[PDB]
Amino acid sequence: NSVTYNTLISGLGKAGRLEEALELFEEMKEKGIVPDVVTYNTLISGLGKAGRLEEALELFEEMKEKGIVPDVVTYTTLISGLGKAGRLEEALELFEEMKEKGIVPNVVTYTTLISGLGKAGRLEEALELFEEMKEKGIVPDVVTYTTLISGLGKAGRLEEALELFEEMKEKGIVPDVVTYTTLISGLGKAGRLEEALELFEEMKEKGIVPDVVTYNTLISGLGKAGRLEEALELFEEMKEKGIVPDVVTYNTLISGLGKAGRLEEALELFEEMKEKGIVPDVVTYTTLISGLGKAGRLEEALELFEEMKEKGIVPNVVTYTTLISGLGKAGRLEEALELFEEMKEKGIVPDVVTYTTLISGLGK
């Protein structure tokens, strides 16, 4: 029964049925049968990817207590989850713990830390870790390079991101659609959309086929350069090439339309995505709430905020800030303050944007 139950949970986890996997896991522990490390790693990954990091860390504690020894996969998964949640110090603490326990980190472990460091803007530390990895005889692959290229591009260090891309090719590491898309994004964000479009052409000529993420990146870049009509033309064509738009495609176009004040069309796409089975998320609702509030349609923005909660979508700091900005600009400071208090009550931490927005409203 131990092997059958473990294969089942590991199977369900692989199939993305986390709650069903968790159920059989509890059921196997009720019947006193011991879960294996693959089962624990699968559940820890699922929980981490669902944002349920405290539950992931609880399972990590549970396997240690039950005498199930964490391996490189266990630590790498948790380091990934902690890093994605901006909990860099804890991710690094876990990396120091695995090393003290004689568990050998590999290229995946190091790439995961490089990613978490780069996302927290600690790019120099990511560059130093990349040098450290090489000194230990760990060979970076296409994923490791792409990770750093992304960190560099996000800090607007495009000349260094392209230098690293050239170094990578010089070492015989072949770029894939992800490497090219990363650069297309970086270029597009640094006001170099034309270079990004030339690189997209050079990518295709090298036999690299774009995926939906490549298209979403081009759509984003076009919109930012005041070329929303070309973004919409690319989307209206995207379907013909067989590429299926996803939640991000819709979120990006909704943002572009909403920023241009073309709110009716943004809402048309919101209805179109729902008809096509594409499920709106926190980004979809927050983008529309911002579009509505900025166009003076504050009551609609507040009603959409109610709708979002009713659909089980959890508002974040971005959602609260856009409404605080909306309420503040309309002179509804009492409501903006209550919302600032409600957000704090839900454990949502304000950032500099939240503070400066609220001060601007109260200061008028």
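For every residue, the number given is its place in the sequence shown, counted from 1.
The stretch 147 to 155 shows the higher mean C-alpha B-factor when 147 to 155 is compared against 91 to 99 in the entry. Per-stretch averaging of Cα B factors for 263 to 271 and 285 to 293 places 263 to 271 on top. Highest CA B-factor among 211, 195, 71, 236, as stated in the entry: 236. In this PDB entry, the Cα temperature factor of residue 132 sits in the middle third of its chain's modelled residues. In the deposited entry, the Cα temperature factor of residue 301 sits in the bottom third of values across the chain's modelled residues. Annotation for residue 314: C-alpha temperature factor in the middle third relative to the rest of the modelled chain, per the entry.
Placement of the Cα temperature factor of residue 243 within the chain: highest third of the modelled residues, per the deposited record. Placement of the Cα temperature factor of residue 125 within the chain: lowest third of the modelled residues, per the deposited record.
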